[PDB]
Amino acid sequence: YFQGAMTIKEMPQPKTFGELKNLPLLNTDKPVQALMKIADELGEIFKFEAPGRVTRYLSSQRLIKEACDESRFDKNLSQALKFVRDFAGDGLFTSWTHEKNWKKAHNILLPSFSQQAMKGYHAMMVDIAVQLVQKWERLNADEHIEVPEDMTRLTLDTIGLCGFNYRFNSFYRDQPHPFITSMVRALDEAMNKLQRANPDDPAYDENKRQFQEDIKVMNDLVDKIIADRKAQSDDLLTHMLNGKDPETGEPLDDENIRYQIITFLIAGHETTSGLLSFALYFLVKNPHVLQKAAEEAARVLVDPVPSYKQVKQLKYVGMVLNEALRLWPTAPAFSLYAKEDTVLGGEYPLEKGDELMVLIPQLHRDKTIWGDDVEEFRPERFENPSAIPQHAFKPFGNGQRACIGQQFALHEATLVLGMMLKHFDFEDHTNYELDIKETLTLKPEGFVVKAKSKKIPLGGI
Ligand code: HEM
Ligand SMILES: CCCCCCCCCCCCCCCC(=O)NCC(=O)O
C-alpha cells in the first residue's frame, strides 16, 4: 500500500517577501527570540525559507521525540553551523556524522570525558573557582560584578587548564581576553551572515576582512597552546596528540587537531558561561529559590574547598542549573535531516535530505509536558528525573551527536554556583531588566549584581 501520511494539511509558514522568502522576518539581532514568537503564533511546526534554503522549526515534544530517532534522522549542519565550520572545520561540533574525522575524533576523545577523567579535572576546576571567589571577596564597597564577563573568565580558564594545561589568566585582565573578543566577533559575524541575501557584495568586504582577522587571533592562541605543550599531563590535548582511533589504528592529523582545539575552547566554555549567568539571574529574581539553594550549599560544602563527592551532593544546585537550561538553553537549537523519505508525526511528509530545526527554548515551554506554569522558574520540576518524558528536555542535543562535555559543564557549574552561594549574599541592585544577547548562543547582556561576603574562609587549592 501507498506509504504516505493519512492526512496532510497546509504547512504553517510566516509571511514571505518575494525572492527573499522569510528572511526579512529575522532582520534582528535576536533571531532565536523572534523565532520563538513565530512558534507561539504558528504552533508545533512551521516552514522557514531563505534564498537557496528551507527548514522546518519544531517546537513540540511530540514531534521532537520522533526527530530524535537516530534511525530516521541524523545531525544536520544548520546554516549557522555551516558558517562556524569555516573556522572550526571538521572539529567535533561542526563535522558531519559521516565525515571521516567525526567518528575518529569521537572515539579518540570520549575517554577524556569519562567518570575518571572528571574526577581528575576537579582540582583544576577548584583552582579557577577559588580565583573567581577571591576576585569578588576583593572588591571595594562601591563596586559591582559584571556577571557574564566574570563567568566567561571562569569558564574559559577552566577549559584552558583542564583540557590543555594552559593558563589564559583571565582574572589577571580587566578587559576580556583577546581570544574572547575575536571569538564573540566571529560568532556575531556568523549570525549576521544568516540575514545577508547577497553575502558576496563588496559591501561585506570589511566584514570578511575582520572575520579573517578574528580567525587569525583564535588560531594564534591555538599555536601558543600547542607550542606550550611542547615546552607532563594526560588530558584532552594529550589525547588529541597521541590517541589512536581504535577503528583506523591512527591518531588525528595536525589539521584536525587544530580544529578540535578551536572547537573545545569555544564549545567548552561559552554556553557554560551563559548557563551560570542565567542561573544567577534567576536566583536573584526568585529570592526563595536562592535561599533554599544557599542552604544546601551551606549544608554540604563544609570544607574550605569542595570535594568531588560534595559537588555530586549539591542536588538542588543541580536542579537550579537544569531549570535555567529549561528556560534558556544556551545553544538554543540543533538541526537534523531525514535519512530517507518519511512522515513526521503522522502528518508532515518529508523527503530524504529535508531539514528540521529543534527550537529548544520552545520545546522546553511545551505545556503538555510541563504544565501551564512553563514561564516560572521552579527547580522542583527536576526533583525526580525519572518523571520527565524522553526527549522533553534537550539542552545538550541528541544521541551520538549529543554534547560530549555535558557532565564537565554541569560539574563545573554546580561547583561554582555552590561556592558562590556559600560565600556570598547577592543583590540585584539595579533591578536588572533581562536582555538576552544572541551570538548563535544566548547570554544575558549587562547583567550586574553586588555580592556581600559572608566572610567564610577559603582553603588553599
Ligand atoms: C551548559 C553548557 C553546554 C550546553 C548547553 C551544550 C550544548 C550542546 C549541544 C546542544 C550540542 C549539540 C549540537 C548539535 O547537535 O548541533 C553540543 C555539542 C557538543 N558540545 Fe556541548 N554544551 C555545553 C558545554 C560543553 C562543554 C563544556 C564542552 C567541552 C568540553 C562541550 C563540547 C561539545 C562538543 C565537542 C560537541 C559536539 C559533539 C559531537 O557531535 O560529537 N559542550 N553541546
Ligand atoms: C565551534 C563551536 C561551535 C560553537 C557554535 C555554537 C552554536 C550553538 C547553536 C546555534 C543556534 C543556531 C540558531 C540559529 C537561529 C537562526 O537565526 N536561524 C535563522 C536563519 O537560519 O536565517
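FYI, side chains are in, hydrogens and waters are out, and symmetry mates aren't considered; it's all heavy atoms of this structure. In listed order, ligands and their atoms are each counted from 1. This chain uses plain numbering: 1 for the first residue, then up along the sequence.
Under a 4.0 Å criterion applied to the non-hydrogen atoms of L275, ligand 1 contributes the atoms 1 (C). Atom numbering of ligand 1 starts at 1 in the shown order; those under 4.0 Å from a heavy atom of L81 are 16 (O). Every atom of ligand 2 is numbered from 1 in the order shown, and the set under 4.0 Å from a heavy atom of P31 is 17 (O). Near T330, meaning under 4.0 Å from any of its heavy atoms, are these atoms of ligand 1: 5 (C). Near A333, meaning under 4.0 Å from any of its heavy atoms, are these atoms of ligand 2: 9 (C). Shown in contact with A88 at under 4.0 Å from a heavy atom are these atoms of ligand 2, numbered in order with element: 1 (C). Close approach to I266 involves these atoms of ligand 2, each under 4.0 Å from a residue heavy atom: 2 (C), 4 (C). Near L26, with a cut-off below 4.0 Å to any heavy atom, the atoms of ligand 2 are 19 (C). The atoms of ligand 1 that sit less than 4.0 Å from any heavy atom of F113 are 30 (C).
Side chains of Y337 and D354: a donor-acceptor N/O pair is absent below 3.5 angstrom, by distance only. With no hydrogens or angles considered, no side-chain donor-acceptor pair links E383 and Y316 at under 3.5 Å. For the residue pair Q362 and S59, no side-chain donor N or O sits within less than 3.5 Å of a side-chain acceptor on the partner. Side-chain polar atoms of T152 and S273 form a donor-acceptor pair below 3.5 angstrom.
A side-chain donor-acceptor contact under 3.5 Å links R258 to the backbone of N219. A donor-acceptor contact shorter than 3.5 Å links the side chain of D157 to the backbone of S170. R72 contributes no side-chain N or O that, together with a main-chain N or O of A338, makes up a donor-acceptor pair within less than 3.5 Å. A donor-acceptor contact shorter than 3.5 Å links the side chain of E296 to the backbone of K315. At least one donor-acceptor pair under 3.5 Å links the side chain of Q260 to the backbone N or O of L92.
Protein heavy atom at the shortest distance from atom 15 (O) of ligand 1 is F334 CB, 3.4 Å. Nearest to atom 11 (C) of ligand 2 among the protein's heavy atoms is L440 O, 3.9 Å. Ranking protein heavy atoms by distance to atom 41 (O) of ligand 1, first place goes to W102 NE1, 2.8 Å. Residue, atom and distance of the protein heavy atom nearest to atom 16 (O) of ligand 1 are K75 NZ, 2.8 Å.
Note on residues 71-91: pairs passing ring pair (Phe, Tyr, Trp, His ring centres under 6.0 Å), not counting sequence neighbours, are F87-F211.
Geometric assessment of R326 against the ring of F393 yields a negative cation-pi assignment under the 6.0 Å and 45° thresholds. A cation-pi contact, defined as under 6.0 Å to the ring centre and within 45° of the axis, is absent between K21 and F48. Cation-pi geometry between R153 and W136 is not met at under 6.0 angstrom from the ring centre and within 45 degrees of the axis.
Considering backbone and side-chain N/O atoms, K394 never comes within less than 3.5 Å of an N/O atom of ligand 1. At a 3.5 angstrom cut-off on N or O pairs, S335 does not count as close to ligand 1. The shortest N or O to N or O distance between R53 and ligand 2 is below 3.5 Å. Where the criterion is an N or O separation shorter than 3.5 Å, residue side chain and backbone included, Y57 meets it with respect to ligand 2. Ligand 1 has an N or O atom lying under 3.5 Å from an N or O atom of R401, backbone or side chain.
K285 NZ: more than 12 foreign heavy atoms inside a 6.0 Å radius. For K208, the NZ atom is densely surrounded, since the number of other residues' heavy atoms within 6.0 Å is greater than 12.
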- Task: Tell me, with the steps shown, if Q115 and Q407 meet side chain to side chain donor-acceptor pair (under 3.5 Å).
- Result: CA-CA 9 Å; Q115 292 299 166; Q407 175 173 182; 3.1 Å; yes
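Nearest to atom 6 (C) of ligand 2 by heavy atom, out of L194, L35, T441, is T441. Looking at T271, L81, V84, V32, it is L81 that brings a heavy atom closest to atom 7 (C) of ligand 2. Nearest to atom 12 (C) of ligand 2 by heavy atom, out of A50, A80, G268, is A80.
Taking the six-membered ring for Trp and thresholds of 30 and 60 degrees, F179 and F168 have ring planes inclined between 30 and 60 degrees apart.
Within a radius of less than 2.8 Å around atom 21 (Fe) of ligand 1, the protein N, O or S atoms are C403 SG.
At a heavy-atom cutoff of 4.0 Å, ligand 1 is contacted by the backbone of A402 but not by its side chain.
In this structure, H411 has its ring center closer than 6.0 angstrom to the ring center of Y308.
Residue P395 places a heavy atom less than 4.0 Å from ligand 1. Proximity of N398 to ligand 1 is not established, as no heavy-atom distance is less than 4.0 Å.
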